[PDB]
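For this one, two forms of the same chain are given in structure tokens, first as structure 1 and then as structure 2.
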Structure 1
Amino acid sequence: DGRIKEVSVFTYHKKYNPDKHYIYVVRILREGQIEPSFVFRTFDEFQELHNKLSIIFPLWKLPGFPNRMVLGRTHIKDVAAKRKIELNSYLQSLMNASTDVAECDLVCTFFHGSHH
């Protein structure tokens, strides 16, 4: 797009600063820079990002977002490991979205500020 040239979920980990949950480490590569940046975002921030996109855009403009209640009974680390994938495909979908999605303020905010 503008600056952002590629994004990906690079890896994640199991934090305890309140109690849980996981953090997803997101690698971003901008046009104006040679080195990636990395930001850290939980499942619920990506959710909160989608929810705010829906306020201002029609859903058919946006990727679908990955949430299953519990598949059936599963499973701490296991869900983290399926989110690495699902969040990453969300991200690829969201940034090859129209320009007004890819480059809109709500999606640049999401991606500024390592922990914020």
Structure 2
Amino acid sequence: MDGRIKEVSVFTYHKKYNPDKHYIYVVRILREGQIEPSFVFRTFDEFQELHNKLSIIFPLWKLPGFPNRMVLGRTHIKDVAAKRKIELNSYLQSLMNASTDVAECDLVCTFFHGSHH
């Protein structure tokens, strides 16, 4: 409801068969200046990279918990994708309900800009 991004969510995900490749998460953004949402496409690693970058500049007490994992292979198969849809959504809600200095910072703004980018 905040500064210009008003709503974010992990809308859906897809990909990766005969286990080898990777999932991409579809993120829906609604901004104060638009009527229709925008959509961007982000991997788990991109989310983890965002958290790792924010950790550089912010003490961890200011950030959400990050739902950390991500090997390569051997897993809970890919109920992991389904699980990450929820956990990455909760991360995003927490991030946008953070202190303004975090929720409206350049790292966060950048993450949400650009379909792929």
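Only the largest set of C-alpha atoms that superpose within 1.5 Å between the two forms is called the rigid core. Every residue number counts along structure 1's sequence, beginning with 1.
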Out of 70, 59, 56, 81, the residue that alone shifts its CA by 2 Å or more between the two structures when the rigid core is the reference: 70
Note yes or no: does the Cα of residue 13 move by 2 Å or more between the two structures after the core is superposed? no
Cα of residue 43: shift between the two structures in Å, core-fitted? 0.1
